[PDB]
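Undergrad: TSV, N, CA, C and O atoms, saved as final.tsv, coming up:
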chain	number	residue	atom	x	y	z
A	1	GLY	N	12.19	-117.53	47.79
A	1	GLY	CA	10.90	-117.64	48.59
A	1	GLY	C	11.09	-118.51	49.83
A	1	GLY	O	11.35	-119.76	49.63
A	2	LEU	N	10.98	-117.91	51.05
A	2	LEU	CA	11.26	-118.59	52.37
A	2	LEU	C	9.96	-119.17	52.93
A	2	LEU	O	8.94	-118.46	52.96
A	3	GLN	N	10.03	-120.41	53.41
A	3	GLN	CA	8.94	-121.15	54.03
A	3	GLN	C	9.50	-121.78	55.33
A	3	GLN	O	10.70	-121.51	55.65
A	4	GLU	N	8.64	-122.41	56.10
A	4	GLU	CA	8.91	-122.94	57.44
A	4	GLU	C	8.42	-124.38	57.55
A	4	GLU	O	7.30	-124.69	57.07
A	5	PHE	N	9.19	-125.22	58.22
A	5	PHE	CA	8.75	-126.61	58.59
A	5	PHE	C	8.95	-126.81	60.10
A	5	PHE	O	10.09	-126.70	60.55
A	6	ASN	N	7.86	-127.04	60.83
A	6	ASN	CA	7.87	-127.30	62.30
A	6	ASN	C	7.86	-128.81	62.54
A	6	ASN	O	6.98	-129.54	61.93
A	7	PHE	N	8.67	-129.29	63.47
A	7	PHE	CA	8.70	-130.72	63.85
A	7	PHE	C	8.99	-130.83	65.35
A	7	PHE	O	9.56	-129.83	65.97
A	8	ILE	N	8.67	-131.98	65.94
A	8	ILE	CA	9.04	-132.26	67.38
A	8	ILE	C	9.87	-133.53	67.47
A	8	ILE	O	9.64	-134.46	66.67
A	9	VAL	N	10.74	-133.59	68.48
A	9	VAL	CA	11.42	-134.82	68.93
A	9	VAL	C	11.33	-134.87	70.45
A	9	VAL	O	11.24	-133.81	71.09
A	10	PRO	N	11.50	-136.07	71.05
A	10	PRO	CA	11.69	-136.19	72.49
A	10	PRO	C	12.86	-135.31	72.93
A	10	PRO	O	13.89	-135.29	72.18
A	11	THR	N	12.75	-134.69	74.11
A	11	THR	CA	13.78	-133.79	74.68
A	11	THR	C	15.16	-134.48	74.64
A	11	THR	O	16.12	-133.83	74.27
A	12	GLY	N	15.22	-135.78	74.95
A	12	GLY	CA	16.49	-136.56	75.04
A	12	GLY	C	17.23	-136.64	73.71
A	12	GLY	O	18.43	-136.89	73.73
A	13	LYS	N	16.55	-136.51	72.57
A	13	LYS	CA	17.20	-136.62	71.24
A	13	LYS	C	17.79	-135.27	70.83
A	13	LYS	O	18.45	-135.22	69.76
A	14	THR	N	17.57	-134.19	71.59
A	14	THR	CA	17.98	-132.84	71.11
A	14	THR	C	19.50	-132.80	70.94
A	14	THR	O	19.95	-132.15	69.98
A	15	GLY	N	20.25	-133.42	71.85
A	15	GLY	CA	21.71	-133.57	71.78
A	15	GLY	C	22.21	-134.08	70.42
A	15	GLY	O	23.32	-133.73	70.08
A	16	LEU	N	21.48	-135.00	69.80
A	16	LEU	CA	21.92	-135.74	68.58
A	16	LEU	C	21.85	-134.74	67.43
A	16	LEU	O	22.66	-134.82	66.52
A	17	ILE	N	20.98	-133.72	67.55
A	17	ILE	CA	20.81	-132.67	66.52
A	17	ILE	C	21.83	-131.56	66.80
A	17	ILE	O	22.51	-131.09	65.81
A	18	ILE	N	21.98	-131.17	68.10
A	18	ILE	CA	22.86	-130.02	68.51
A	18	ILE	C	24.32	-130.42	68.35
A	18	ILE	O	25.09	-129.65	67.72
A	19	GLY	N	24.68	-131.59	68.89
A	19	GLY	CA	26.03	-132.16	68.83
A	19	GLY	C	26.80	-131.73	70.05
A	19	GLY	O	26.44	-130.71	70.66
A	20	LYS	N	27.80	-132.48	70.46
A	20	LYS	CA	28.73	-131.97	71.49
A	20	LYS	C	29.35	-130.69	70.89
A	20	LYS	O	29.66	-130.69	69.64
A	21	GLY	N	29.25	-129.56	71.61
A	21	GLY	CA	29.80	-128.26	71.17
A	21	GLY	C	28.82	-127.38	70.42
A	21	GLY	O	29.10	-126.19	70.30
A	22	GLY	N	27.70	-127.92	69.93
A	22	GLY	CA	26.81	-127.23	68.97
A	22	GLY	C	27.33	-127.32	67.55
A	22	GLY	O	26.81	-126.59	66.67
A	23	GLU	N	28.27	-128.22	67.31
A	23	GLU	CA	28.98	-128.42	66.02
A	23	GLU	C	28.00	-129.01	64.98
A	23	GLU	O	28.15	-128.70	63.77
A	24	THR	N	27.08	-129.89	65.40
A	24	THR	CA	26.23	-130.66	64.47
A	24	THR	C	25.18	-129.73	63.87
A	24	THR	O	24.99	-129.76	62.64
A	25	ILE	N	24.48	-128.95	64.68
A	25	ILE	CA	23.43	-128.03	64.17
A	25	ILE	C	24.09	-126.97	63.26
A	25	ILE	O	23.52	-126.67	62.18
A	26	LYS	N	25.24	-126.43	63.65
A	26	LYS	CA	26.01	-125.48	62.80
A	26	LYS	C	26.39	-126.13	61.47
A	26	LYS	O	26.20	-125.47	60.41
A	27	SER	N	26.92	-127.34	61.49
A	27	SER	CA	27.30	-128.07	60.26
A	27	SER	C	26.06	-128.33	59.34
A	27	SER	O	26.21	-128.16	58.11
A	28	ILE	N	24.91	-128.71	59.90
A	28	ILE	CA	23.66	-128.95	59.11
A	28	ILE	C	23.16	-127.62	58.51
A	28	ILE	O	22.77	-127.60	57.31
A	29	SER	N	23.21	-126.53	59.27
A	29	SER	CA	22.81	-125.18	58.79
A	29	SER	C	23.74	-124.77	57.64
A	29	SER	O	23.20	-124.37	56.55
A	30	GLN	N	25.06	-124.91	57.81
A	30	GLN	CA	26.05	-124.58	56.76
A	30	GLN	C	25.83	-125.40	55.47
A	30	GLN	O	25.79	-124.78	54.36
A	31	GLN	N	25.72	-126.73	55.58
A	31	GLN	CA	25.62	-127.63	54.39
A	31	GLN	C	24.29	-127.38	53.67
A	31	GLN	O	24.27	-127.54	52.45
A	32	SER	N	23.18	-127.17	54.40
A	32	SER	CA	21.80	-127.08	53.84
A	32	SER	C	21.52	-125.68	53.26
A	32	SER	O	20.69	-125.57	52.27
A	33	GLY	N	22.10	-124.64	53.87
A	33	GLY	CA	21.78	-123.22	53.61
A	33	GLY	C	20.55	-122.75	54.41
A	33	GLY	O	20.12	-121.62	54.22
A	34	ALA	N	19.96	-123.59	55.26
A	34	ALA	CA	18.75	-123.26	56.04
A	34	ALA	C	19.13	-122.85	57.48
A	34	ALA	O	20.18	-123.34	57.98
A	35	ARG	N	18.23	-122.13	58.16
A	35	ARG	CA	18.30	-121.89	59.61
A	35	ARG	C	17.53	-123.02	60.34
A	35	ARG	O	16.52	-123.52	59.84
A	36	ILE	N	18.05	-123.41	61.52
A	36	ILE	CA	17.42	-124.44	62.41
A	36	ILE	C	17.25	-123.83	63.77
A	36	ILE	O	18.28	-123.62	64.47
A	37	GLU	N	16.00	-123.50	64.11
A	37	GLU	CA	15.59	-122.77	65.32
A	37	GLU	C	15.02	-123.77	66.36
A	37	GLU	O	14.04	-124.43	66.06
A	38	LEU	N	15.55	-123.76	67.56
A	38	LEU	CA	14.95	-124.46	68.74
A	38	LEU	C	14.01	-123.48	69.47
A	38	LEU	O	14.45	-122.38	69.77
A	39	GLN	N	12.75	-123.84	69.68
A	39	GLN	CA	11.75	-122.97	70.38
A	39	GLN	C	12.32	-122.56	71.76
A	39	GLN	O	12.72	-123.43	72.49
A	40	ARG	N	12.35	-121.25	72.05
A	40	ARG	CA	13.04	-120.66	73.22
A	40	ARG	C	12.07	-120.63	74.41
A	40	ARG	O	12.48	-121.00	75.53
A	41	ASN	N	10.84	-120.22	74.19
A	41	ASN	CA	9.87	-120.01	75.30
A	41	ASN	C	8.56	-120.70	74.94
A	41	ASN	O	7.63	-120.05	74.46
A	42	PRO	N	8.47	-122.03	75.16
A	42	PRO	CA	7.26	-122.77	74.83
A	42	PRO	C	6.04	-122.27	75.63
A	42	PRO	O	6.17	-121.80	76.76
A	43	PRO	N	4.81	-122.28	75.04
A	43	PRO	CA	3.61	-121.92	75.81
A	43	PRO	C	3.30	-122.95	76.89
A	43	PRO	O	3.76	-124.10	76.82
A	44	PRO	N	2.54	-122.57	77.94
A	44	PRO	CA	2.24	-123.46	79.06
A	44	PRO	C	1.49	-124.77	78.73
A	44	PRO	O	1.51	-125.65	79.56
A	45	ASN	N	0.82	-124.87	77.56
A	45	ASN	CA	0.13	-126.13	77.14
A	45	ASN	C	1.09	-127.01	76.31
A	45	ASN	O	0.66	-128.12	75.93
A	46	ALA	N	2.36	-126.60	76.10
A	46	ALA	CA	3.39	-127.41	75.41
A	46	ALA	C	3.86	-128.58	76.31
A	46	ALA	O	4.00	-128.40	77.55
A	47	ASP	N	4.04	-129.75	75.73
A	47	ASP	CA	4.60	-130.95	76.43
A	47	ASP	C	6.07	-130.69	76.79
A	47	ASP	O	6.88	-130.42	75.91
A	48	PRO	N	6.44	-130.73	78.09
A	48	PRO	CA	7.84	-130.61	78.50
A	48	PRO	C	8.75	-131.81	78.13
A	48	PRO	O	9.95	-131.67	78.18
A	49	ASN	N	8.15	-132.94	77.74
A	49	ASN	CA	8.87	-134.14	77.22
A	49	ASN	C	9.19	-134.05	75.70
A	49	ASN	O	9.82	-134.99	75.18
A	50	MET	N	8.78	-132.99	75.01
A	50	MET	CA	9.00	-132.85	73.54
A	50	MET	C	9.65	-131.48	73.26
A	50	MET	O	9.47	-130.53	74.06
A	51	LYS	N	10.47	-131.40	72.25
A	51	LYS	CA	11.08	-130.10	71.90
A	51	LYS	C	10.71	-129.78	70.46
A	51	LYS	O	10.92	-130.62	69.61
A	52	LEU	N	10.20	-128.57	70.23
A	52	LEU	CA	9.85	-128.08	68.88
A	52	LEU	C	11.09	-127.46	68.24
A	52	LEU	O	11.82	-126.68	68.97
A	53	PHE	N	11.30	-127.77	66.93
A	53	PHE	CA	12.29	-127.14	66.03
A	53	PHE	C	11.53	-126.53	64.83
A	53	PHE	O	10.44	-127.12	64.44
A	54	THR	N	12.06	-125.43	64.26
A	54	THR	CA	11.61	-124.81	62.99
A	54	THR	C	12.80	-124.70	61.99
A	54	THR	O	13.81	-124.11	62.35
A	55	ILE	N	12.69	-125.33	60.81
A	55	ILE	CA	13.65	-125.15	59.70
A	55	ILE	C	13.10	-124.02	58.78
A	55	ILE	O	11.92	-124.11	58.39
A	56	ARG	N	13.90	-122.97	58.57
A	56	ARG	CA	13.50	-121.79	57.77
A	56	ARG	C	14.45	-121.67	56.56
A	56	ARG	O	15.69	-121.47	56.75
A	57	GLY	N	13.89	-121.63	55.35
A	57	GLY	CA	14.68	-121.59	54.11
A	57	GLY	C	13.78	-121.69	52.87
A	57	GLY	O	12.56	-121.65	53.01
A	58	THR	N	14.36	-121.90	51.71
A	58	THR	CA	13.64	-122.33	50.52
A	58	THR	C	13.23	-123.78	50.77
A	58	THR	O	13.84	-124.49	51.59
A	59	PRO	N	12.17	-124.25	50.10
A	59	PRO	CA	11.81	-125.66	50.23
A	59	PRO	C	12.98	-126.63	49.99
A	59	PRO	O	13.02	-127.64	50.69
A	60	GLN	N	13.82	-126.37	49.00
A	60	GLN	CA	14.96	-127.22	48.64
A	60	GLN	C	15.91	-127.30	49.85
A	60	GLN	O	16.38	-128.43	50.22
A	61	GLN	N	16.14	-126.17	50.50
A	61	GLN	CA	17.06	-126.10	51.67
A	61	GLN	C	16.44	-126.89	52.84
A	61	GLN	O	17.24	-127.64	53.60
A	62	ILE	N	15.15	-126.67	53.07
A	62	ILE	CA	14.39	-127.32	54.17
A	62	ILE	C	14.45	-128.85	54.00
A	62	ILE	O	14.75	-129.55	55.01
A	63	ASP	N	14.18	-129.36	52.80
A	63	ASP	CA	14.19	-130.83	52.47
A	63	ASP	C	15.58	-131.43	52.81
A	63	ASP	O	15.65	-132.54	53.46
A	64	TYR	N	16.65	-130.79	52.38
A	64	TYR	CA	18.05	-131.25	52.62
A	64	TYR	C	18.38	-131.29	54.13
A	64	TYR	O	18.93	-132.33	54.62
A	65	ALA	N	18.10	-130.21	54.86
A	65	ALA	CA	18.30	-130.11	56.33
A	65	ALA	C	17.49	-131.21	57.04
A	65	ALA	O	18.06	-131.85	57.96
A	66	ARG	N	16.23	-131.44	56.64
A	66	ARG	CA	15.41	-132.50	57.25
A	66	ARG	C	16.09	-133.86	57.06
A	66	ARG	O	16.19	-134.64	58.06
A	67	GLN	N	16.58	-134.17	55.85
A	67	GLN	CA	17.24	-135.48	55.59
A	67	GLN	C	18.49	-135.62	56.48
A	67	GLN	O	18.71	-136.74	57.02
A	68	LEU	N	19.29	-134.58	56.61
A	68	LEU	CA	20.52	-134.62	57.47
A	68	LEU	C	20.15	-134.84	58.95
A	68	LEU	O	20.80	-135.67	59.64
A	69	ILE	N	19.12	-134.16	59.45
A	69	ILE	CA	18.62	-134.35	60.85
A	69	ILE	C	18.16	-135.82	61.04
A	69	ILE	O	18.52	-136.47	62.10
A	70	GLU	N	17.44	-136.37	60.07
A	70	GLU	CA	16.90	-137.74	60.15
A	70	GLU	C	18.06	-138.78	60.19
A	70	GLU	O	17.93	-139.76	60.98
A	71	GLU	N	19.16	-138.58	59.46
A	71	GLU	CA	20.35	-139.47	59.60
A	71	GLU	C	20.79	-139.48	61.08
A	71	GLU	O	21.02	-140.57	61.60
A	72	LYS	N	20.89	-138.32	61.71
A	72	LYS	CA	21.47	-138.17	63.07
A	72	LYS	C	20.57	-138.83	64.12
A	72	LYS	O	21.12	-139.42	65.11
A	73	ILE	N	19.27	-138.69	64.03
A	73	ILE	CA	18.37	-139.24	65.07
A	73	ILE	C	17.98	-140.68	64.71
A	73	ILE	O	17.39	-141.29	65.57
A	74	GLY	N	18.37	-141.20	63.52
A	74	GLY	CA	18.12	-142.60	63.10
A	74	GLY	C	16.63	-142.89	62.82
A	74	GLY	O	16.16	-144.05	63.13
A	75	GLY	N	15.89	-141.93	62.26
A	75	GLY	CA	14.49	-142.14	61.82
A	75	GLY	C	13.76	-140.81	61.55
A	75	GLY	O	14.33	-139.74	61.73
A	76	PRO	N	12.47	-140.85	61.15
A	76	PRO	CA	11.78	-139.64	60.71
A	76	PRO	C	11.47	-138.70	61.90
A	76	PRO	O	11.28	-139.20	63.01
A	77	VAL	N	11.49	-137.37	61.68
A	77	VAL	CA	10.95	-136.40	62.67
A	77	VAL	C	9.43	-136.54	62.72
A	77	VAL	O	8.89	-137.07	61.80
A	78	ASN	N	8.80	-136.10	63.79
A	78	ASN	CA	7.34	-135.97	63.94
A	78	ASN	C	6.93	-134.57	63.42
A	78	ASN	O	7.07	-133.58	64.14
A	79	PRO	N	6.30	-134.46	62.22
A	79	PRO	CA	5.83	-133.16	61.72
A	79	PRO	C	4.58	-132.65	62.46
A	79	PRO	O	3.75	-133.47	62.82
A	80	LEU	N	4.43	-131.32	62.65
A	80	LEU	CA	3.20	-130.69	63.24
A	80	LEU	C	2.22	-130.31	62.12
A	80	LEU	O	2.72	-129.67	61.18
Output the file's structure as structure tokens, nothing else.

TA:
Amino acid sequence: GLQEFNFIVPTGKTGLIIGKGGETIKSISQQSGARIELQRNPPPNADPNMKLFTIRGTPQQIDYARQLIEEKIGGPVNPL
């Protein structure tokens, strides 16, 4: 059963999740079993200083991916 978790971070922290090369987001997706989607075309009322992410998986996969992302950015994500 697949579910979704939406969160935001400041645009400047996106690197810490992606990694030099895109190695970090690939490694978190592989270890967790979840997909990690960066919003491609934000609507015009979206804050340009914030970036939306969506974790897609089973709840167990989503929880694990969220904990790995939180280690990298050094604190909790902002949930929507």

Undergrad: Choose the residue, out of A:39, A:6, A:24, A:54, that has the smallest atom-to-atom separation from residue 79 of chain A; count all atoms listed in the file.

TA: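 So, comparing all the options, the nearest one is A:6.
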
Undergrad: In Å, rounded to a single decimal, give me how far atom C of residue 47 of chain A is from atom O of residue 28 of chain A.

TA: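 Atom C of residue 47 of chain A lies at a distance of 25.8 Å from atom O of residue 28 of chain A.
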
Undergrad: Draw an axis-aligned box tight on the listed atoms of segment 21-27 of chain A, then pad every side by 5 Å and write out centre and edge lengths in Å to one decimal as JSON.

TA:
{"center_x": 26.6, "center_y": -128.1, "center_z": 64.9, "size_x": 16.4, "size_y": 15.2, "size_z": 23.5}

Undergrad: Rank A:10, A:76, A:22, A:33 by their smallest atom-to-atom distance to residue 61 of chain A, using only C-alpha atoms, and report the top residue only.

TA: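 The closest residue to residue 61 of chain A is A:33.
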
Undergrad: Report, in Å with one decimal, the straight-line distance from atom C of residue 78 of chain A to atom N of residue 7 of chain A.

TA: 5.6 Å

Undergrad: In Å, how far is it from atom CA of residue 57 of chain A to atom CA of residue 35 of chain A?

TA: 6.6 Å

Undergrad: Can you tell me which residues surround residue 9 of chain A at a distance of at most 5 Å, considering all atoms listed in the file, apart from same-chain residues fewer than 5 positions away, and format the answer as number ranges by chain?

TA: A: 49-51

Undergrad: Which residues in chain A does DSSP call strand (DSSP E or B)? List them as a list in words.

TA: residues 3, 4, 5, 6, 7, 8, 9, 10, 35, 36, 37, 38, 50, 51, 52, 53, 54, 55, 56, 57, 78 and 79 of chain A

Undergrad: For residue 62 of chain A, which of A:23, A:36, A:14, A:30 is the closest residue, counting only C-alpha atoms?

TA: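 The closest residue to residue 62 of chain A is A:36.
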
Undergrad: Excluding same-chain residues fewer than 2 positions from residue 2 of chain A, what lies within 7 Å of it counting all atoms listed in the file, as number ranges by chain?

TA: A: 4, 56-59

Undergrad: I need the residues of chain A that end up classed as alpha helix (DSSP H) by DSSP on the backbone, written out as JSON, numbers by chain.

TA: {"A": [14, 15, 16, 17, 18, 23, 24, 25, 26, 27, 28, 29, 30, 31, 32, 59, 60, 61, 62, 63, 64, 65, 66, 67, 68, 69, 70, 71, 72, 73]}

Undergrad: Taking all atoms listed in the file into account, which of A:12, A:5, A:69, A:60 comes nearest residue 37 of chain A?

TA: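 Ranked by minimum distance to residue 37 of chain A, first place goes to A:5.
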
Undergrad: Smallest atom-to-atom distance to residue 80 of chain A: which of A:65, A:20, A:3, A:53, using only C-alpha atoms?

TA: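 The answer is A:53, which sits nearest to residue 80 of chain A.
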
Undergrad: Can you work out which one of A:75, A:52, A:11, A:17 has the shortest atom-to-atom distance to residue 40 of chain A, counting only C-alpha atoms?

TA: A:52

Undergrad: Export C-alpha atoms of segment 1-77 of chain A from the structure just given, as a short mmCIF file (atom, residue, chain, number, x, y, z; two decimals), in the first residue's frame?

TA:
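Generated output (decode.cif):
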data_model
loop_
_atom_site.label_atom_id
_atom_site.label_comp_id
_atom_site.auth_asym_id
_atom_site.auth_seq_id
_atom_site.Cartn_x
_atom_site.Cartn_y
_atom_site.Cartn_z
CA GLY A 1 0.00 0.00 0.00
CA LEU A 2 1.69 3.28 -1.31
CA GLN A 3 1.24 6.63 0.48
CA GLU A 4 2.87 10.10 0.14
CA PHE A 5 4.64 12.53 2.55
CA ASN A 6 5.13 16.19 1.39
CA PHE A 7 7.74 18.42 3.13
CA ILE A 8 9.62 21.72 2.43
CA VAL A 9 13.18 22.93 3.08
CA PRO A 10 14.92 26.23 2.25
CA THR A 11 16.23 26.16 -1.39
CA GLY A 12 19.87 26.34 -0.03
CA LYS A 13 19.54 22.97 1.83
CA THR A 14 18.52 21.06 -1.36
CA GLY A 15 22.22 20.25 -2.09
CA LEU A 16 22.54 18.40 1.30
CA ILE A 17 19.71 16.03 0.19
CA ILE A 18 20.82 15.72 -3.54
CA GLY A 19 24.57 15.42 -2.79
CA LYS A 20 27.50 16.32 -5.04
CA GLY A 21 26.71 14.16 -8.15
CA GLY A 22 23.11 13.28 -7.06
CA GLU A 23 24.75 10.40 -5.10
CA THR A 24 22.97 11.21 -1.76
CA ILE A 25 19.33 11.18 -3.01
CA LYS A 26 20.08 7.95 -5.02
CA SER A 27 21.69 6.33 -1.91
CA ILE A 28 18.64 7.33 0.34
CA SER A 29 16.18 5.98 -2.33
CA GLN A 30 18.18 2.68 -2.59
CA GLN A 31 18.55 2.13 1.24
CA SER A 32 14.87 3.14 2.07
CA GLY A 33 13.10 1.47 -0.93
CA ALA A 34 11.13 4.79 -1.39
CA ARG A 35 11.05 7.35 -4.27
CA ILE A 36 12.13 10.99 -3.44
CA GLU A 37 10.56 13.50 -5.87
CA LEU A 38 11.62 17.22 -6.13
CA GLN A 39 8.63 19.36 -7.38
CA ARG A 40 9.46 20.21 -11.07
CA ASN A 41 6.96 23.03 -11.88
CA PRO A 42 5.81 24.87 -8.72
CA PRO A 43 2.54 26.93 -8.98
CA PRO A 44 2.87 30.76 -9.10
CA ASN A 45 1.73 31.16 -5.38
CA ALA A 46 4.66 28.83 -4.27
CA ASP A 47 7.52 30.50 -2.25
CA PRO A 48 10.69 30.63 -4.45
CA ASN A 49 12.80 30.51 -1.18
CA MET A 50 11.41 26.97 -0.32
CA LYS A 51 11.57 23.66 -2.22
CA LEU A 52 8.85 20.96 -1.95
CA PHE A 53 9.82 17.22 -1.84
CA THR A 54 7.43 14.15 -1.96
CA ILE A 55 8.50 10.71 -0.48
CA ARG A 56 6.40 7.92 -2.15
CA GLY A 57 6.40 4.35 -0.69
CA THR A 58 4.92 2.18 2.08
CA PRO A 59 4.72 4.04 5.39
CA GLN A 60 7.72 1.97 6.69
CA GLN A 61 9.81 3.08 3.64
CA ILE A 62 8.68 6.75 4.00
CA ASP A 63 9.62 6.82 7.79
CA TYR A 64 13.17 5.42 7.06
CA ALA A 65 13.82 7.88 4.12
CA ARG A 66 12.62 10.81 6.31
CA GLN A 67 15.08 9.82 9.14
CA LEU A 68 18.01 9.57 6.61
CA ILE A 69 17.12 13.04 5.10
CA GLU A 70 16.94 14.55 8.65
CA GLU A 71 20.54 13.26 9.45
CA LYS A 72 21.82 15.08 6.29
CA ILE A 73 20.13 18.47 6.90
CA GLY A 74 20.88 18.28 10.72
CA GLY A 75 17.23 18.65 11.96
CA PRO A 76 13.51 17.98 11.22
CA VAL A 77 11.88 18.67 7.77
#
